[PDB]
């Protein structure tokens, strides 16, 4: 059985990486593009982009360790630790040439270290909708004049005593609907059915815990990145962010300018945090065009 429907022409499969069984969905032909999902979701957030991208590239979309159908990490949930798994997975499929990387939400946290440490392995980079973990995250407000702030969940999820697991267990669907809609401009794109699918996946006990362990390691990731960022990124990079309610707006590109020498950014009006679903068509177009400036299958 599969947690999410696999697009025609794609395969659902697994690979062991450093003793951890990673799930991914793969299809297409040509140079490799790895798509990395974020919190509250799985490989499936990429299911609309995948068929289009697969016309020109080999596309792989893994589940992050502990989430979807991937085994939890055996090392830890810090960015540097998780990035090893994703880098080695990509290298299994693209040993002889650099690959492209697209990441959303905590997919950014879990890839930045392997990007900065293995720059020759990364042809082009697309990051969307989340800060790279650094001191900037300590500036986001706890509360706003309009109500709940964007990232108070960083504290909720990082809290000890299994605070988040304990409160959310038995209420996973309820919580995820609130969380998704509070970070969305276009809530309509999230059908009750789609919410059901995502909720059932992250409700698996080890996945509910894994979700929050990423946040429990966030300060460690910030400290790791303080050292890593001494080396700027040199590959062509694009950032995307939502310009509507729930989105990062200008923050995404502005932060990335501090990390990357060669970066272009777009803010998508009318879209929030969940770009692949809220603004599928324009997001897909921007990603496909940016990656197609490089070598690919015709």
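Residue numbers count along the first chain shown, from 1.
Take the C-alpha B-factors listed in the entry for 163-171 and for 124-132, compute each mean, and give the stretch with the larger one. Per the deposited B-factors, the answer is 163-171.
Looking at the entry, does 243-251 or 58-66 show the higher mean C-alpha B-factor? It is 243-251.
Maximum C-alpha temperature factor per the entry, among 25, 288, 20, 279, belongs to which one? When the deposited C-alpha B-factors of 25, 288, 20, 279 are compared, 279 is largest.
What's the residue among 80, 71, 227, 213 with the greatest CA temperature factor in the PDB record? That would be 227, according to the entry.
Where the record places residue 222 (Cα B-factor, split into thirds across the chain): Its C-alpha B-factor, which the entry lists for residue 222, ranks in the lowest third among residues of this chain.
For residue 234, does the deposited CA B-factor place it in the lowest, middle or highest third of the chain? Within its chain, residue 234 is a highest-third residue by C-alpha B-factor, going by the deposited values.
Report the third (lowest, middle or highest) to which the CA temperature factor of residue 110 belongs, ranking only the modelled residues of the same chain. Its C-alpha B-factor, which the entry lists for residue 110, ranks in the lowest third among residues of this chain.
What third of the chain, by the recorded C-alpha B-factor, contains residue 138? Highest third.
Could you place residue 266 in the lowest, middle or highest third of its chain by Cα temperature factor, using the values in the record? According to the entry, residue 266 has a C-alpha B-factor in the chain's middle third.
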